[PDB]
There are 2 protein chains.
Amino acid sequence: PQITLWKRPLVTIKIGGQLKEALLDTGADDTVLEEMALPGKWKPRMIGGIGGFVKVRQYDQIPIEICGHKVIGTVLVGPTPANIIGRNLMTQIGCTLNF
Amino acid sequence: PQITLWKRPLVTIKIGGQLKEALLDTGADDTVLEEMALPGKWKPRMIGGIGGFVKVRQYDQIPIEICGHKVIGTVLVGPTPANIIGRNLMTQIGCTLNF
Ligand SMILES: CC(C)[C@H](NC(=O)[C@H](C)NC(=O)OCc1ccccc1)C(=O)N[C@@H](Cc1ccccc1)[C@@H](O)[C@H](O)[C@H](Cc1ccccc1)NC(=O)[C@@H](NC(=O)[C@H](C)NC(=O)OCc1ccccc1)C(C)C
């Protein structure tokens, strides 16, 4: 799809058998999802945003289907106010900015 | 241009006669620039990110040239760690996400 930006570029993702809406976020290096039951091991990590940081759980090699594109990558889980699909996954679905 | 996302989608902007690099940021509603001398009036505003909430100065109807596209819009100025071009301006240059 081509997505204009008059609205937040939200997409429906499937991860860990759960459906979520997430923001395609070109300003996000990484993918950060709200608290969710993911299976498996993790590593503590911190991400920085506007104003603050947040501690997150880093899960490697997690399957995610982003708007019907299955990808597998690192997913951060923590107290983010939005599910964010970062460049780490957007590259895997071949997502470009165009103007 | 078409911009893939293997790197941060940085563009060179011109604003207030100054050249800056800025991130084309689809996860940003608004445009937030680092502290910079802008001429004119402003209103105090707050933006929220990952972790925190920063006070910013809201400037309306500011001319910006983003990668050779002149647009005019609201620019927020404050202690952001990156110049961020948000959807408010990306729409004005016709920027889409595509995959
Ligand atoms: C999700 C994060 C991993 C992401 N950060 C990164 O990718 C960073 C660079 N990577 C990173 O952390 O690498 C690890 C690291 C880095 C340095 C040292 C050690 C380790 C991020 O927060 N990035 C943000 C900007 C940024 C850039 C560089 C450095 C730090 C921060 C936006 O690009 C990103 O798009 C977020 C996405 C987002 C959406 C929704 C909620 C939270 C975050 N937007 C924002 O933070 C924007 N805020 C908003 O748009 C909010 C949602 N609206 C808002 O507040 O509107 C006014 C309002 C007022 C009152 C009520 C409601 C709204 C902001 C840039 C304008």
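Student: I'd like a rundown of the layout of surface pockets, residues and numbers included.
Tutor: Approximately 1200 Å³ is the volume found for the largest pocket. Among the secondary structure elements, those contributing two or more residues to the lining of the largest pocket are β5 (43–48) of chain A together with β3 (18–24) and β5 (43–48) of chain B. In terms of residue class, the lining of the largest pocket is built from 22 nonpolar, eight polar and eleven charged.

Student: Pulling in residues and values, what's your account of the interface of chain B and chain A?
Tutor: A common way to express how large an interface is: the accessible area buried when the components associate. Chain B puts 38 residues into the contact, and the matching count from chain A is 38 residues. With both sides pooled, the region where chain B packs onto chain A buries about 3500 Å², and carbon together with sulfur makes up 63% of that total. If you sort the residues of chain B by the area they bury against chain A, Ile 50, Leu 97 and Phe 99 of chain B come out on top, with a joint share of 27%. Here chain B and chain A share two salt bridges between them.

Student: Give a detailed account of the relation of the copies chain B and chain A, specifying residues and quantitative values.
Tutor: Structural alignment of chain B on chain A gives an RMSD of 0.0 Å, achieved by rotating through 180 degrees and translating 0.0 Å along the axis. In symmetry terms, the pair is related by a two-fold rotation axis. Counting the interface residues of chain B, we find that 100% of their copies in chain A are interface residues as well, pointing to one common contact surface.

Student: Can you explain the nonpolar core? Please cite residues and give values.
Tutor: Membership of the largest hydrophobic core comes to 48 residues, with the highest contact counts inside it found for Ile 66 and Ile 85 of chain A together with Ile 66 of chain B. Among all residues touching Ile 66 of chain B, those that are not within four sequence positions of it are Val 11, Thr 12, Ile 13, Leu 24, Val 71, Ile 85, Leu 89 and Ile 93 of chain B.

Student: Account for the site of the ligand, with residues named and values stated.
Tutor: Neighbouring the ligand are 30 residues, the closest being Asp 25 and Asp 29 of chain A together with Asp 25, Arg 45 and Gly 48 of chain B. Around the ligand, the neighbouring residues derive from chains A and B rather than from a single chain. In the environment of the ligand, an oxygen atom lies 2.7 Å from a nitrogen or oxygen atom belonging to the side chain of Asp 25 of chain A. One of the backbone N or O atoms of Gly 27 of chain A is found 2.9 Å from an oxygen atom in the ligand. Isolated, the ligand exposes 1200 Å² of accessible area, and the fraction of that covered by the protein chains is 72%. Judged by the proximity of its atoms to the pocket grid, the ligand belongs to the largest pocket. Elements represented by at least two residues in the shell around the ligand include exactly β5 of chain A together with β5 of chain B. Take the shell around the ligand: its biggest share by element is four residues, from β5 of chain B. Split into classes, the residues belonging to the shell around the ligand amount to 16 nonpolar, six polar and eight charged.

Student: Help me get a handle on the sheet that holds strand β9 (residues 96–98) of chain B, residues and values and all.
Tutor: Across the sheet, four strands lie side by side as β1(A)-β9(B)-β9(A)-β1(B); this open sheet has antiparallel pairing. Looking at strand neighbours, the two that pair on one side only are β1 (2–3) of chain A together with β1 (2–3) of chain B, the edges of this open sheet. The pairing of β1 of chain A with β9 of chain B spans two bridges and is antiparallel. By the bridge assignment for β9 of chain B, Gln 2 of chain A is matched with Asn 98 of chain B.

The rules behind each value
Residues numbered from 1 in each chain as written, not as in the entry; some residues may be left out. Chains lettered and ligands numbered in written order. Heavy atoms only, no water. 1 Å grid on protein atoms, 1.4 Å probe; cavity = no way out; pocket = protein on both sides within 12 Å on 5 of 7 lines; lining within 4 Å. Points joined across faces, edges and corners; volume = space filled by probe spheres on them. Helix = DSSP H or I, 4+ residues; strand = E, 2+ residues; numbered from the N terminus. Nonpolar A, V, L, I, M, F, W, Y, C, P; charged D, E, K, R; others polar. Contact = heavy atoms within 4.5 Å. Buried area = accessible area lost by both parts, 1.4 Å probe. Salt bridge = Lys/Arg side-chain N within 4 Å of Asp/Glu carboxyl O. Least-squares fit on C-alpha atoms. Core = buried A, V, L, I, M, F, W, Y, C linked by side-chain atoms within 4.5 Å. Buried < 20%, exposed > 50% of the residue type's maximum accessible area, 1.4 Å probe, protein only. Near = heavy atom within 4 Å. Polar contact = N/O pair within 3.5 Å; in protein donor to acceptor, adjacent residues only side chain to side chain. Areas by Shrake-Rupley, 256 points an atom, 1.4 Å probe, with all protein chains shown as cover. Sits in = over half its atoms within 2 Å of the grid points. Pairing = 2+ DSSP bridges.

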